[PDB]
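Going by the authors' numbering, the letters in the sequence shown line up with residues 60 to 219, 227 to 371, 380 to 438, 443 to 447, in that order. All residues carry an ideal CB built from backbone N, CA and C; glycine is no exception.
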Amino acid sequence: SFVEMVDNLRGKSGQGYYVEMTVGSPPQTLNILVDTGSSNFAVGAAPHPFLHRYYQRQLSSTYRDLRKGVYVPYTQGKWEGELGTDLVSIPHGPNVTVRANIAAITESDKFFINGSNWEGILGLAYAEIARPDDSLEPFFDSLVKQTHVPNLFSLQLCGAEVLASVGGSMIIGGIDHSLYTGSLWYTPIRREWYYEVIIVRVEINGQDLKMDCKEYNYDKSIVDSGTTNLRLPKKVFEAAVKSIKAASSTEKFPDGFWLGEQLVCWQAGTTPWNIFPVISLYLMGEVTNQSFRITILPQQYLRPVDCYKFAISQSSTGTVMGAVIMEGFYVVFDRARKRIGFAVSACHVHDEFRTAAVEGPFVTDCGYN
Ligand SMILES: CN1C(=O)[C@@](c2ccncc2)(c2cccc(-c3cc(F)ccc3F)c2)N=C1N
């Protein structure tokens, strides 16, 4: 039952959310980043300065070598490992054990994070973007094929001298109605690689950015629990920042802040949330000319570091709806029906004049790549 999966996620602000897993026999306990933006189950499997524990294949009686290496250079860094399979469970998840592919990371650069408290990544996206190629079955595919767990999972990410601690829930194989209020609205998964969606309109304090919607999805828009910020294509970013600056003009900030590098501080409970506007993303609906909107507050896009960082930033690889977006909502990754549902989260942070919202329908191609 889903009650035992509630609060099964933990994290530090800006360093992702992780779920506890065990790998091998006897079971080796590891904290694993829940990542909808990649498709490899990849776990530290050798000593590293930021790892205080790692996967030791030699200690597992059930480990099987696939006799194949994997090398994954990526923009910000890289990881490299060796492929194999082993038994995998999620203690506070479905009561099942599955044989899954595991990339045992032997070498990496700027991949692991100092103090994050996770030792690997659970890529929940689709085979198309798996490394080295799409023949390496992702964890969730193996889980569904090997067990009777329904082809669906949902994420409630709650957020918040030491980085603030965050919590949330990953409900595997269904939807926990206690985790949200109001209605669930669904946007189609445009293609099964990333969790790609289409944004058809963007509003800052009710004011339409009035861009050709192709810009919003140039060259794609994805939902990514493995990204902290709301990331926007350059032209949309600039337009968004312009509008946000204007709405909050009363107070004045350094452009280092708007560039998401500098933090700004008020002291304990004086933060002027009301001076910052709400942001609405309209997502394509299940019905052609129909859309719905998710609206987030400054409490979501200014993330605590008294002090905050502007968690909206520029992207050259399309829109990324990261934690900043997801923390307002209960997000259903309905793989079986090729759609992503959004509803107001029971845990989303807000005040007594505003609240995050999911609302539809609104009547309204925008697909780019
Ligand atoms: C964009 N993106 C990545 O770059 C990657 C990844 C996955 C697999 N292969 C290459 C890159 C990743 C790797 C490591 C850490 C983090 C990370 C996650 C957080 F939530 C916060 C801070 C972090 F640094 C993210 N996952 C995703 N979605």
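Annotation for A306: no beta strand (DSSP E) segment contains it, though the alpha helix (DSSP H) segment containing it runs 300 to 313.
Per DSSP, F212 lies in no alpha helix (DSSP H); the unbroken beta strand (DSSP E) holding it starts and ends at 212 to 218.
Distance check between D408 and each of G392, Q333, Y185, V437 places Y185 closest, using alpha-carbon atoms only. In terms of CA proximity to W339, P370 leads the group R359, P370, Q87, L202. Taken through DSSP and simplified to helix, strand or coil, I188 comes out as helix. Cβ-Cβ distances below 6 Å link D193 to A186, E187 in the same chain, with the five nearest sequence neighbours on each side left out; the list follows chain order.
If you look at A162, you'll find it isn't in any alpha helix (DSSP H); it sits in the beta strand (DSSP E) that goes 156 to 168.
Per DSSP, the unbroken alpha helix (DSSP H) holding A397 starts and ends at 397 to 400. Rounded to the nearest whole angstrom, the C-alpha separation of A431 and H111 is 40 Å. Segment contact: the stretch 392 to 408 against the stretch 303 to 321, fewer than three CB-CB distances shorter than 8 Å; contact not assigned. The bridge partners DSSP lists for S231 are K71. When C-beta atoms of the stretch 151 to 170 are compared with those of the stretch 103 to 117, three or more pairs fall below 8 Å, so the two segments count as touching. For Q135 and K169, the gap between their C-alpha atoms comes out near 7 Å. With contacts defined by Cβ atoms closer than 8 Å, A420 and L245 form a contacting pair. Looking at the DSSP output, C381 sits in a beta bridge with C331.
With contacts defined by Cβ atoms closer than 8 Å, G174 and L118 do not form a contacting pair. Taking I362 as reference, the option from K383, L349, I345 with the minimal CA-CA separation is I345.
Rounded to the nearest whole angstrom, the C-alpha separation of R158 and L142 is 13 Å. Contact between the stretch 75 to 94 and the stretch 290 to 308 is established, with three or more Cβ pairs separated by less than 8 Å.
Our two residues, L146 and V129, have alpha carbons roughly 20 Å apart in a direct line.
In the three-state DSSP reduction, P370 falls in the strand class (E or B).
Beta-bridge analysis with DSSP links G152 to no other residue. In this structure the stretch 61 to 71 does not touch the stretch 351 to 362; the number of beta carbon pairs closer than 8 Å is below three. Between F403 and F416 a beta carbon distance of about 5 Å is seen, short of the 8 Å cut, so the two are scored as contacting.
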